[PDB]
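In this analysis, Cβ positions are derived from the backbone assuming ideal geometry, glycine residues included, and neighbour counts consider all displayed protein chains. What follows draws every value from the coordinates through simple rules; no lab data is involved.
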């Protein structure tokens, strides 16, 4: 039905600019108020900008925390909402969601504001020296996020991925998969890792040692 | 400005019994039109927020009738009557009476379930990592309950402390368990100066640790 899908996130240096967007389907975009809400661990959910309709002369509103720095706009013809962000600071790091008050949220796009450089992950297989537990170690990347899937997202049961831990400007995480020993290694188990910031896509097959 | 206040946590709730999450506002959300403009959102682990309740008591489309909400202009209560494992997540209150739009800090629902020992797996460094000059030893402590747990590393029998990084999952939406990874990271050079590598998991489910080891 209603689908809200953000894009444009990434890394930028303090003082820099970024423009993010989202496109909405399954409703008539031009009839809905649009806003941006960001989320971070230290501050929670924070509404930052909102735009009204053509009939309201596209009236805009901003949180005090960002007024002067953010500009919200919409292209009704493309069903696309934008957020232009200037003089970004590290505190502006977070997941930015399109939020159509009050009913709909997007998937989020991640924005990192940092002087550290983008670095792609190194992906390593975790294979053992009824059931068997395998894994992938995803090491040495910046910024977040990565996505980890197994057998291109097909293998979904018995999976969990651990939160990344930052050390020394680089993140490491691992993902765990538990399958019947009748299924591996007789059939293949492959972890798929994507780090969009470095535009990296890596598949690592787990092979017995 | 309106401040929405809710507790970060709630008492762990047994499956099939009721949970109750509170919120309060700094200003009445009861409008002259008779509607109390109070909303509840759930954010399940790894997901976006989704609307549960609008206008204080009305269920969003698809939301189970296990969910219900009541309140005044300033004090509100979300009730989940017979909690399921799928219900874990963070529940946020919000108002719709003014800009800025503000949210509560979120209340995390935890499920109390039967104690479960971890399943422990240890993994030697990959040949790829070794080629690169690195050596990470990984221990998974999977699907245990309750959340508290301790891991100890040993190298050739002696406790090793530094170079170890730990990470804990959120409570699982299917089995209500927790998991933890512990990673010991060494240089290839240091790794190849020792032979035996051990991780030991201590959990309330036994007075003995669960010990996993390999020989290089």
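How many angstrom separate the Cα center of the range A:58-90 from the Cα center of the range B:113-181?
Comparing the Cα centres of the range A:58-90 and the range B:113-181, I get a distance of 43 Å.
Only Cα pairs under 8 Å and at least 6 apart count here; give the relative contact order of chain B as a rounded whole percent.
Numbers: 517 pairs, mean separation 41.0, N = 216.
Here the relative contact order equals 19 percent.
Quick one: order B:92, B:54 by neighbouring beta-carbon count within 10 Å, fewest to most.
Ascending number of Cβ neighbours within 10 Å: B:54, B:92.
What average number of partner chain Cβ atoms lie no more than 10 Å from the Cβ of the residues making up A:116-126? Don't jump to the answer; show the numbers that get you there.
Values: counts 0, 0, 0, 0, 0, 0, 6, 3, 11, 5, 10.
Mean inter-chain Cβ contacts per residue within 10 Å come to 3.
For chain B, set up a GNM with springs between Cα atoms under 10 Å and report which of B:126, B:57, B:173 has the largest fluctuation.
Top of the fluctuation ranking is B:126.
If I build a Gaussian network model for chain B, linking alpha-carbon pairs within less than 10 angstrom, which residue out of B:105, B:133, B:71 has the largest mean-square fluctuation?
Maximum fluctuation in the GNM of chain B, among the listed residues, is at B:133.
Can you tell me what the convex hull of the Cα atoms of chain B projects to on average, as an area in nm²?
Values: hull surface 62.0 nm².
That works out to 15.5 nm².
In peptide A:130-138, how many Cβ atoms from other protein chains are near each Cβ within 10 Å, on average?
3
Sticking to Cα atoms, compute the Rg of the range B:1-111 to one decimal and its Dmax as the biggest Cα-Cα distance, whole number, in Å.
Expressed in Å, the Cα Rg and Dmax of the range B:1-111 come to 13.2, 40.
Taking beta carbons within 10 Å but only from partner chains, what does the mean come to for residues B:97-106?
On the way: counts 0, 0, 7, 9, 12, 5, 6, 2, 3, 3.
Across B:97-106, the average partner-chain Cβ count within 10 Å equals 5.
Which residues in the range B:132-175 place their backbone N less than 17 Å from a point set 7 Å from the Cα of residue B:204 along the Cα-to-Cβ direction?
Taking a point 7 Å out along Cα→Cβ of residue B:204, the residues of the range B:132-175 whose backbone N falls under 17 Å are B:143-151, B:171-172.
Using helices alone, what [θ] at 222 nm do you get for the protein assembly as shown, with -39,500 (n - 2.57) per DSSP H run of 4 or more residues, divided over all residues and rounded to the nearest 500?
Numbers: 2 runs with 10 residues, N = 425.
Roughly -500 deg cm²/dmol at 222 nm, from the helical runs in the protein assembly as shown.
What list of whole percents do you get for P(r) of the range B:124-203, with Cα-Cα distances grouped in 5 Å bins up to the one holding the largest distance?
Binned Cα distances yield the sequence 3, 14, 24, 20, 16, 11, 8, 3, 0.
P(r) for the protein assembly as shown, please, calculated from all Cα pair distances in 20 Å bins and given in %.
23, 51, 24, 2
Taking neighbour counts of Cβ atoms within 10 Å as a proxy for exposure, in what order, fewest first, do A:2, B:63 appear?
Lowest to highest Cβ neighbour count: A:2, B:63.
Considering Cα pairs under 8 angstrom that are at least six residues apart, work out the relative contact order of the range B:114-216 and quote it in whole percent. Present the calculation step by step, with values, prior to reporting the outcome.
On the way: 222 pairs, mean separation 34.0, N = 103.
33 percent.
What translational D, rounded to a whole number of µm²/s, comes out for chain A from Stokes-Einstein when the hydrodynamic radius is the Kirkwood one over Cα pairs, at 37 °C and 0.692 mPa s?
In µm²/s, the coefficient rounds to 172.
Return the FRET efficiency for the residue pair residue B:175, residue A:57: r is the Cβ-Cβ distance, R0 is 56 Å, and the value is rounded to the nearest 0.05.
0.60
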